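[1] got a sequence here, can you model it:
(3 chains)
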Amino acid sequence: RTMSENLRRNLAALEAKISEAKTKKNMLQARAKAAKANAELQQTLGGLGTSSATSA
Amino acid sequence: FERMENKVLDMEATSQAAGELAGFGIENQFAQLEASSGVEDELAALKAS
Amino acid sequence: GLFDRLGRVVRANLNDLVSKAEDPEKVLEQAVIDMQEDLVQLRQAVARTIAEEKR
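    Numbers count the residues shown, from 1 in each chain, chains lettered A, B, ... in the order given. Here you go, the structure:
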């Protein structure tokens, strides 16, 4: 029973790290695509400069 | 020959320690403890309803 | 010459290959089945000993 329960620690770790990596995949991918849009919002603050380039 | 196979028993004993060279030890399983004691606390708090 | 003491260590290479096979029980069985055939005669010998004791 003693070493077997340490295998249960090990298996509990495998599922924990793998499942957490799956939620990281969602969060990071979502955050990445979102960040491309937020970067385009910074660029849209820069869009005011692109209109300025002929507003003169 | 069987005694050599006991040296394979010593190899597995080495291998269970070996996680410590990879930086795994009780400090990892300690989290499941702090957690599982917390699980008993919340299940006790639930059944106290 | 040193080659004879090397002969022990090259036979130990073979001993490593056969140890790596790791199926030890098979000889454990051999040992205990050989003694069973002796044991039936051995108990018989004890019985003969008792038989002189009884007669």
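[2] so the nearest residue to residue C:22 once chain neighbours are set aside: helix, strand or coil?
    Leaving aside its sequence neighbours, residue C:22 sits nearest to residue B:5 (CB to CB, 6 or more residues apart in numbering or on different chains; 5.8 Å). Just so you know, the C-beta spots here come from the backbone N, C-alpha and C atoms, and that holds for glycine as well. Here residue B:5 is recorded as helix under DSSP: H, G, I helix; E, B strand; the rest coil.
[3] what's the helix or strand for the residue in chain C that chain A sits nearest to?
    Residue nearest to chain A within chain C: residue C:22 (19.1 Å; CB to the nearest CB). Using DSSP states H and E, residue C:22 is not contained in any helix or strand.
[4] wouldn't it be in contact with residue B:6 here?
    No. At 11.2 Å, residue C:22 does not count as touching residue B:6 under the criterion of CB atoms under 8 Å.
[5] burial count for residue B:12?
    Using other CB atoms under 10 Å in any protein chain shown, residue B:12 has 11 neighbouring residues.
[6] how about the one 4 residues further on?
    Around residue B:16 there are 10 other residues, counting by other CB under 10 Å.
[7] run a quick neighbour tally on residue B:1.
    Neighbours around residue B:1, by other CB under 10 Å: 13.
[8] ok, it - contacts?
    Residues in contact with residue B:1 (CB atoms under 8 Å, 6 or more residues apart in numbering or on different chains) are C:15, C:18, C:19, C:24, C:27.
[9] how about residue B:41, what does it touch?
    Counting by CB under 8 Å, 6+ apart, residue B:41 has no contacts.
[10] same question for residue A:9.
    By CB under 8 Å, 6+ apart, residue A:9 lies in contact with B:28, B:29, B:32.
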